[PDB]
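Notes for the structure review
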Amino acid sequence: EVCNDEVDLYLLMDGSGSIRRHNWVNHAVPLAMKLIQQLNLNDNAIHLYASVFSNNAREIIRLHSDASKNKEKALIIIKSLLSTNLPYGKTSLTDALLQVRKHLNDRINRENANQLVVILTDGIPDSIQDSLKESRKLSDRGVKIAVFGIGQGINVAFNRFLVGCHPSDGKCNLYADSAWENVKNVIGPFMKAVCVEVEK
Ligand SMILES: [Cl-]
């Protein structure tokens, strides 16, 4: 009853920055699924988009649910689409944010919808400055950015600053993080709190 409003949500997976990719490769997609399970994906509510790979190239696509097609298939489709990211490893966050901006520019949005980028990351961008530059173009267009950080390879101050908070001080509703062992229990609440803040 929380993630129930008109929102265009762009889910961006950004990892792994780690030397031992096992955790990201085994758990990033189940983590993203858990987040997506918090969303009301009725056409009058949340429209869910995801950055994915197709024909060796990065692309933004809409994810549907539960479409008029069979239940298990709709789940499998989403899970496979998300999994196209895994073979490609670490990719430019700057380029991903730029693609979201182009996507928003190419289409008319719903009159009363909010635009939101949710980033799942276990590392830091190739370029901090290029990334910050893009995020500000987005926020200048009224787009909100939330970030979920995982593990010990993240920079918390960067994540907080990226979503518009103070680098260290004060609560930041658009940011949360966790160690791998705990992410499954923290991500649901994070998505909910993100929806709440977005409606304010
Ligand atoms: Cl980058």
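Per the deposited record, determination of this structure is attributed to X-ray crystallography, with the resolution reported as 2.200 Å.

**Structural notes on the overall build of the protein**
A count of helices and strands for the protein gives six helices and six strands. In terms of C-alpha radius of gyration, the protein reaches 16 Å, essentially the compact-globule figure of 16 Å for 200 residues. Counting across all 200 residues of the protein, residues that qualify as buried make up 46%. Within the protein, residue pairs in contact and separated by at least 24 positions form 77% of the contacts whose partners lie at least 6 positions apart. Of the roughly 10200 Å² of accessible surface on the protein, a fraction of 47% belongs to carbon and sulfur atoms. Looking at charge distribution, the protein has the averaged site of its 24 positive side-chain charges lying 4 Å from that of its 22 negative ones.

**Overview of the pattern of salt bridges**
By the definition in use, this model includes six salt bridges. Here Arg107 and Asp8 are joined by a salt bridge, their closest N and O atoms 3.5 Å apart. Of this pair, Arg107 sits in the loop between α3 (93–105) and β4 (114–121) while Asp8 sits in strand β1 (residues 7–14), placing them 99 residues apart in sequence. Classification of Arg107 by relative accessible area gives partly exposed; the value is 22%. Taking relative accessible area as the criterion, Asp8 reaches 1% and is therefore assigned buried. The partner of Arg101 in a salt bridge is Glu134, and the shortest N-O contact between them spans 3.4 Å. Of this pair, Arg101 sits in helix α3 while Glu134 sits in helix α4 (residues 128–140), and the two are 33 residues apart along the sequence. Classification of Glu134 as buried rests on a relative accessible area of 8%. It is possible to trace a salt-bridge network through shared partners that takes in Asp8, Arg107 and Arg110.

**What to know about the pairing of strand β6 (residues 175–178)**
In terms of strand pairing, strand β5 (residues 144–150) meets β6 through four bridges, oriented parallel. Residue pairing in the sheet places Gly149 in a bridge with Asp177 of β6. As for the winding sense of the linkage, the β-α-β connection from β5 through helix α5 (residues 156–162) to β6 is right-handed.

**Thoughts on the side chain of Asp122**
Considering the arrangement of structural elements, one finds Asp122 in the loop between β4 and α4. No salt bridge is formed by the buried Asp122; the nearest opposite charge belongs to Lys90, separated by 4.1 Å. In terms of polar contacts, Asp122 uses its side chain to reach the side chain of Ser16, at 2.6 Å. From its side chain, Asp122 meets the backbone nitrogen of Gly17 in a polar contact 3.1 Å long. Not counting chain neighbours up to four residues away, the residues in contact with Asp122 comprise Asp14, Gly15, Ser16, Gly17, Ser18, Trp24, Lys90, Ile150, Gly153, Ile154 and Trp180.

**Considerations on the side chain of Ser135**
Among the secondary structure elements, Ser135 is positioned in helix α4. Since its relative accessible area comes to 1%, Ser135 is described here as buried. Only 2.8 Å separates the side chain of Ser135 from the backbone oxygen of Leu132, close enough to count as a polar contact. If we skip the residues at most four places from it in the chain, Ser135 touches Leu97, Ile145 and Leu162.

**Points about the state of the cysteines**
A full pass over the atoms with the stated rule returns two disulfides. Across the disulfide, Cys3 is cross-linked to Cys195 (sulfur-sulfur distance 2.1 Å). Between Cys3 and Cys195 the disulfide shows an S-S torsion of about 100 degrees. By sign, it is right-handed. Taken together, the residues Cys3 in the segment before β1 and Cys195 in helix α6 (residues 183–198) connect sequence positions 192 residues apart. Two residues, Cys165 and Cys172, share a disulfide whose sulfurs are 2.0 Å apart. Here the S-S torsion is close to 80 degrees, and the disulfide linking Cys165 with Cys172 is therefore right-handed. What links to what in the protein: the bonded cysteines, counted in sequence order, pair as 1-4, 2-3.

The rules behind the values
- Residues numbered from 1 in each chain as written, not as in the entry; some residues may be left out.
- Heavy atoms only, no water.
- Helix = DSSP H or I, 4+ residues; strand = E, 2+ residues; numbered from the N terminus.
- Rg over C-alpha atoms; globule rule 2.2 N^0.38 Å.
- Buried < 20%, exposed > 50% of the residue type's maximum accessible area, 1.4 Å probe, protein only.
- Contact = heavy atoms within 4.5 Å.
- Areas by Shrake-Rupley, 256 points an atom, 1.4 Å probe, with all protein chains shown as cover.
- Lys, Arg positive; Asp, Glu negative; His and termini not counted.
- Charge placed at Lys NZ, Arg CZ, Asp CG, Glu CD.
- Salt bridge = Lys/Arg side-chain N within 4 Å of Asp/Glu carboxyl O.
- Pairing = 2+ DSSP bridges.
- Right-handed = clockwise from strand over helix to strand, strands pointing away.
- Polar contact = N/O pair within 3.5 Å; in protein donor to acceptor, adjacent residues only side chain to side chain.
- Disulfide = S-S within 2.5 Å.

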